[PDB]
């Protein structure tokens with residue numbers, strides 16, 4: 208990979224394909240272009256966290272429709288970590304091993320998929336803390352199966368930016384399936 | 208290094224790579240350019256305190272998410288010092304040796320990473336003292352898990368500058384994870 | 208040194224480097240330029256009191272952070288004198304010999320570094336006397352760990368100049384860590 212060794216990871220697939228793991232969309236596009244140039248399109252794929260999370264969510268929409276979960280993390284791409292709700296889980300260890308097996312089959316570059324339970328109260332508390340940290344007025348509204356944090360009042364361009372970066376960061380960690388943020392409209 | 212011996216340090220890595228330690232961003236960019244010219248990009252890396260602190264923080268966000276800490280200092284780059292909260296520490300000596308080991312692995316140029324406990328009350332007091340030194344009006348607001356110092360009133364261009372330099376200096380020493388500064392908006 | 212024998216001193220270093228001691232910034236710049244011309248940059252350094260005081264202060268900020276001190280004087284550059292607070296000293300003779308040893312190592316051109324205790328009440332009294340000498344109105348404000356002298360009223364261009372020269376002189380002798388001067392704003 209050369210000077211690109213820090214941006215990308217090449218992983219072997221169970222499907223005999225090669226996977227290039229990228230860190231963002233701009234690297235993903237560029238990497239796909241390089242592939243589409245040397246004609247490796249049929250033999251290699253470029254992956255990223257955001258796309259893979261969307262792709263697996265589609266599959267879950269049809270196979271595990273009532274599933275209470277957060278997000279998959281790929282800090283170690285050969286061993287992704289699937290974050291599930293601790294409070295809202297209904298499945299036994301055996302059923303969770305089945306899910307993990309089916310997730311592995313969907314990600315040919317993954318040795319295994321670890322299912323890890325995450326606390327809902329913690330999920331919402333980390334959202335609150337980040338808003339308190341920036342002395343942002345907000346209302347926490349608890350609904351059935353989620354929480355909305357409504358950010359209130361006017362904010363300057365800097366504060367609008369700093370709040371957007373917090374929100375973006377939160378979603379990258381937790382996904383947008385449980386806690387959501389919104390901006391007050393008056 | 209020649210006439211550059213005072214700005215940079217060359218350190219060997221456990222990964223067989225060479226590390227050039229720089230003092231600021233402008234030296235870091237220039238040093239990377241020199242490397243990108245002689246084609247040492249694949250064999251040498253340029254490091255600085257600010258970038259390394261951000262890089263390790265990312266890793267801690269996922270592996271030690273509840274960790275109460277300040278900052279890593281590199282006054283001796285082969286032996287960085289990781290400043291942890293004395294009051295908010297929950298880990299035993301053994302758990303702190305584990306952390307230190309994992310920090311070492313992340314910094315191939317470090318012989319060891321020393322974990323040092325720093326007093327929260329001291330952290331906030333040094334922030335206060337620096338504001339008192341400049342006869343700056345401020346409110347200290349104690350929150351849960353932090354302190355905000357809100358600098359009040361109008362200030363002339365010189366005083367705005369001298370307050371920014373204090374704040375910048377404070378953050379370089381302590382990081383921005385516990386004590387924060389803000390400017391009053393009226 | 209020739210006609211330059213009165214402006215500069217050449218001192219040998221323990222590090223095998225040669226040190227040129229200069230009296231001001233303009234001589235320091237000029238001396239560095241001469242060196243950067245004959246290619247002695249890698250073998251000789253130019254030093255001055257102001258820069259050396261800043262350089263050692265940085266080191267003390269991290270190694271002796273609570274240290275109550277004034278300034279280092281180089282009237283005899285091979286034997287600098289480090290002025291410490293007599294009232295606010297907490298260290299024993301042994302601890303002060305340790306400090307002196309570490310200061311020596313930081314100044315390869317110094318045979319030894321003498322640590323000398325200076326009286327805080329004397330430090331503030333010399334500030335007062337110099338202001339009384341010029342029939343300057345002022346308020347002495349005693350704070351915790353320092354004194355501010357606030358110079359009051361309007362002054363003509365000559366008096367503004369004479370007060371600036373006193374202040375500049377004071378700081379050169381005592382540093383700016385204990386007594387500070389300020390100008391009243393009305």
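Chains as they are written, first to last, in the working numbering: chain R, 208 to 393; chain A, 208 to 393; chain U, 208 to 393.
For every residue, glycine included, the Cβ atom is placed at its ideal position computed from N, Cα and C.
Check                                                                                                                                   : Outcome
Neighbour flag for residue 249 of chain A against chain R, beta carbons, 9 Å                                                            : yes
The region 242 to 253 of chain U contacting the region 219 to 229 of chain U, beta-carbon criterion three pairs below 8 Å               : yes
Which listed residue (A/265, A/290, A/269, A/266) has its alpha carbon closest to that of residue 277 of chain A                        : A/290
Alpha carbon of residue 288 of chain R to alpha carbon of residue 261 of chain R, nearest angstrom                                      : 15 Å
Residue range of the alpha helix (DSSP H) that includes residue 245 of chain R                                                          : 232 to 245
Contacting residues, own chain, Cβ-Cβ under 6 Å from residue 275 of chain A (five flanking each side not counted)                       : 292, 295
CB contact below 9 Å: residue 297 of chain A versus chain R                                                                             : no
For residue 287 of chain R, the residue or residues it bridges with in DSSP                                                             : In DSSP, residue 287 of chain R forms no bridge with anything.
Chain A contact residues for residue 209 of chain R, given Cβ-Cβ distances below 8 Å                                                    : 248, 249
Span separating the alpha-carbon of residue 318 of chain A from that of residue 343 of chain R                                          : 43 Å
Cβ pair count under 8 Å reaching 3, the region 346 to 353 of chain A against the region 370 to 377 of chain A                           : no
Nearest-angstrom Cα separation, counted from residue 258 of chain R out to residue 392 of chain A                                       : 41 Å
Beta-carbon proximity list for residue 425 of chain R, same chain, < 7 Å, skipping 5 on both sides                                      : Absent from the model: residue 425 of chain R. The displayed extent of chain R is 208 to 393, so no value can be given.
Selection of the region 228 to 239 of chain R by Cβ proximity to chain A, strictly under 9 Å                                            : none
Chain-ordered residues of the region 279 to 298 of chain R with a beta carbon less than 8 Å from chain A                                : 280, 282
C-beta atoms of residue 266 of chain U and residue 333 of chain U nearer than 9 Å                                                       : no
Proximity winner among U/313, U/378, U/335, relative to residue 270 of chain U (alpha-carbon distances)                                 : U/313
Residue 221 of chain U, DSSP secondary structure in three states                                                                        : coil
When R/357, R/263, R/323 are compared against residue 304 of chain R, the one with the closest alpha-carbon                             : R/323
Which of helix, strand or coil DSSP assigns to residue 270 of chain R                                                                   : helix
Supposed close pair residue 386 of chain R, residue 336 of chain R - CB separation, criterion 8 Å                                       : The Cβ separation is near 12 Å, so there is no contact.
Chain C contacts made by the region 257 to 275 of chain A, where a contact means CB separation under 9 Å                                : Among the protein chains of the structure shown, namely R, A and U, there is no chain C.
Proximal residues to residue 280 of chain U (C-beta, below 6 Å), its chain only, five neighbours per side dropped                       : 288
Beta-carbon proximity list for residue 220 of chain R, same chain, < 7 Å, skipping 5 on both sides                                      : 226, 315, 316
Uninterrupted beta strand (DSSP E) stretches inside the region 330 to 371 of chain U (no shorter than 3 residues)                       : 345 to 350, 353 to 358
Residue 294 of chain R - DSSP class collapsed to helix/strand/coil                                                                      : coil
The alpha helix (DSSP H) enclosing residue 311 of chain U, as first and last residue numbers                                            : 300 to 313
Chain U contacts from the region 327 to 358 of chain A (Cβ-Cβ distance under 8 Å)                                                       : 336, 339, 340, 342
C-beta atoms of residue 338 of chain R and residue 367 of chain R nearer than 9 Å                                                       : no
heavy atom of the ligand GTP below 8 Å from residue 232 of chain A C-beta                                                               : Among the components of this structure there are no ligands whatsoever, and the ligand GTP is therefore not found.
Boundaries of the beta strand (DSSP E) in which residue 277 of chain R is found, first to last residue                                  : 276 to 280
Cβ pair residue 456 of chain A, residue 214 of chain A closer than 9 Å                                                                  : As displayed, chain A neither begins before 208 nor continues past 393, which places residue 456 of chain A out of reach and without an answer.
Residue from R/362, R/235, R/216 whose Cα sits closest to the Cα of residue 390 of chain R                                              : R/362
Neighbourhood of residue 208 of chain U by C-beta distance below 6 Å, restricted to the same chain and skipping five residues each side : 215
Own chain, CB closer than 8 Å to residue 354 of chain A, minus 5 neighbours either side, in chain order                                 : 331, 334, 347, 348, 385, 386, 387
Residue 285 of chain R to residue 364 of chain A span [Cα, whole Å]                                                                     : 54 Å
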